[PDB]
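Next up is one chain by itself, shown in structure tokens, the form deposited in one PDB entry.
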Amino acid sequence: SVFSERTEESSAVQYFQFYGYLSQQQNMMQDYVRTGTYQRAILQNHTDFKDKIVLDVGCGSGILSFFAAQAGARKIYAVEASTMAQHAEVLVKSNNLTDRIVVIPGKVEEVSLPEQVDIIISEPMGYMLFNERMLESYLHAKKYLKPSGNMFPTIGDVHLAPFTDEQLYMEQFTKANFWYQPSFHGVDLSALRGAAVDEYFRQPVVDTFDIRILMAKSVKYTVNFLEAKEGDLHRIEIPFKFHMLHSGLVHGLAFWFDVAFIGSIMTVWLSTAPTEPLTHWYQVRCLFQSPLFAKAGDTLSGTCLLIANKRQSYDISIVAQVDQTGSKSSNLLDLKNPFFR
């Protein structure tokens, strides 16, 4: 199957084991912004659901399917690969919705549905939007979508912006500098100092921050889920040209994302921007090993290249340069091993 071909078993086991825990479902569900925004998007666009066939990709507890049921859907296929599918069924029964919500245990790339659906719902977004590679399952599921069918969310915007945060930088450098010691309990560790810096700086920093650390208006990269195919997400090339609004050291790039539910009645946005209330996605920052100095008015240009890997994540390559001076930085990050700060 498409899933297994692109996924190491070791990663898959851990991945679906992780989501088999009720506590994580709770963790996601208690994100009121997330859950509330999804419910708002579905219910205020009830006509996109009324008497329609729905596919819920990765239903987990089934919350989105219940939202779909509340909006008047005739029949909802709720596909779930982890052992959470069993608990979802329990909830379907206890809520007397057996006639409208149908749990399909298994991976969306592998199960069989009896019919084509009018709309696909899912919450497949990870850190930096693309982490976990579930967007590909979401897009893969379009094999079950009627020609003029719809998707909730409809589009996803990734925002990139340069930031300055010396304390974060030195915080990481401090950690790496442990390996700078010439005599740790009499042992010279210095020969590994380089490897340590690499390892620590390969970690995207997951957390939130004040918006004023941003040195330029963000650049936007849009994925249209109605149009995109799986393969489009195997290699994601995001070119950027920032017009610096402030002078200073650029320590790296900050990432967040929005998704839009473009329904018939209205468009509803779910945003993880640092200007918006905090969500469990927070924001993600990729550090440069060495910061770049730029004056206000300069242009910071380059490319963020995301390469999907078999561990359900991405190898991140960031190349950025101050055009006016030729000051250049290249960096490689492992989105699979982030730093929760």
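Each form is matched to the other, and the largest set of C-alpha atoms that superpose within 1.5 Å is called the rigid core. Numbers follow the displayed sequence, beginning with 1.
For the two regions 273-281 and 22-30, the entry's Cα B-factors average higher over 273-281. If you average the C-alpha B-factors over 177-185 and over 94-102, the higher value belongs to 177-185. Across 135, 141, 236, 168, the entry's maximum B-factor at the CA atom is seen for 168. Ranking 303, 35, 61, 44 by the C-alpha B-factor listed in the PDB entry places 44 at the top. Ranked against the other modelled residues of its chain, the C-alpha B-factor of residue 314 as given in the entry falls in the lowest third. The deposited CA B-factor of residue 49 belongs to the highest third of values across its chain. When the modelled residues of the chain are ordered by their C-alpha B factor, residue 159 lands in the middle third. Remark: residue 204 belongs to the middle third of its chain, ranked by C-alpha B-factor as recorded. For residue 39, the recorded CA temperature factor ranks within the lowest third of the chain's modelled residues.
If you look for the form deposited in another entry, you will not find it shown, but the lines that follow are about it.
Just one residue from the list 267, 164, 181, 271 crosses the 2 Å line for C-alpha shift between this form and the one not shown on a rigid core fit, and it is 181.
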